[PDB]
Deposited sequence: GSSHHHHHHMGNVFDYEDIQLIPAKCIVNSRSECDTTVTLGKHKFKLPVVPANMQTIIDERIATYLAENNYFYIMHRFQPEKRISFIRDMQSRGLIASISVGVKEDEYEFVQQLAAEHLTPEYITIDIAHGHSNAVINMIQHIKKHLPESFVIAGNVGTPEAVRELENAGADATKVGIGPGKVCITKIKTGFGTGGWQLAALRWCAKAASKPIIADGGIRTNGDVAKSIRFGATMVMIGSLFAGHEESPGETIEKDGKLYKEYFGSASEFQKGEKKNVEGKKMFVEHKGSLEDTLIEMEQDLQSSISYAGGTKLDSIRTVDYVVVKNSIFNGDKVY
């Protein structure tokens, strides 16, 4: 950064197709010691993810991150997921009984595979301290830290010991940080990603702003390992929240229209993303990383 742009400004340029069917394209990705079907993860929000969803995903090799909204239920969540041969992926804060939470986890001999320290303005000593604290008590837990919007936050989190950082400050559909405060990556998420990624030693989770499945490929182009999606996963039948009636579900953070089975959404993502690999002139996800691109004048639209 550089020129500033966002998802809709970007068109990726096709290379020579080397496959006969998109079916020969592999969209898996790896994050620490584990391998997942898709580079996407639903937002770790109560309006998007619950234990039911978490189990479905885990049982099918989809990465998931559980929200933190009922912090008391986490211990037994971990234990359920882990007795099940499944990954336990949870979120923590830094305020303040969760310092003894991760200490209780150590005593309980309970190591979650993934822990995400998820704070609105995650560029802080508060976040550094919780990272160090977890590397100390649960050194075998893969730690995702954020949210951040700069290369400088990314470095300083990675230097605190984060295994991955989460990038995005206010680009969410239901997020209003840009309006209230005038700060963040809203309006330039994809470019804020190019630029954080340039400086990252650890996987980045691009968080927020995704409006189409093509934006997964674009996020891949510009440095993401994983893409967090709230809006596009909102309003499925499996989704949290009640349904009204045609047909609608609420979606909010800490009014949409009904979308069908989350599995159809996920297979469609995978298919679109395999088309993306065809277009990127390759067989796997990483082929996307090398393609040229143009910044269009009006949009995509």
| item | value |
| --- | --- |
| Deposited positions lacking CA coordinates | 1-9, 255-257, 267-283, 331-336 |
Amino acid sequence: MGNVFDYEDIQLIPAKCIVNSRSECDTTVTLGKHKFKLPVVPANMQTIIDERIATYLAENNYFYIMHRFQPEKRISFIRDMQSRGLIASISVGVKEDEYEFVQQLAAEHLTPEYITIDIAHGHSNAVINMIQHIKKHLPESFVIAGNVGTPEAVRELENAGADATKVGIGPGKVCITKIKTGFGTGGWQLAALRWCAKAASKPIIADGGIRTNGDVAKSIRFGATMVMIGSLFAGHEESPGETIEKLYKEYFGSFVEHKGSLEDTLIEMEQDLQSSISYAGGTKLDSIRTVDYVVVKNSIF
From here on, numbers count along this sequence of modelled residues.
{"property": "Between the two ranges 234-242 and 267-275, the one averaging a larger CA B factor in the entry", "result": "234-242"}
{"property": "Residue stretch of maximal mean CA temperature factor, 284-292 vs 19-27", "result": "19-27"}
{"property": "Criterion, highest CA B-factor; candidates, 71, 203, 214, 208", "result": "71"}
{"property": "Highest-ranked of 178, 166, 79, 194 once sorted by CA temperature factor in the record", "result": "79"}
{"property": "Position of residue 136 among the chain's modelled residues by C-alpha B-factor, lowest, middle or highest third", "result": "highest"}
{"property": "Position of residue 40 among the chain's modelled residues by C-alpha B-factor, lowest, middle or highest third", "result": "lowest"}
{"property": "Residue 127, C-alpha B-factor rank within chain (lowest, middle or highest third)", "result": "middle"}
{"property": "Within-chain third of residue 171 by Cα B-factor, per the entry", "result": "middle"}
{"property": "For residue 184, the third of its chain into which the C-alpha B factor falls", "result": "lowest"}
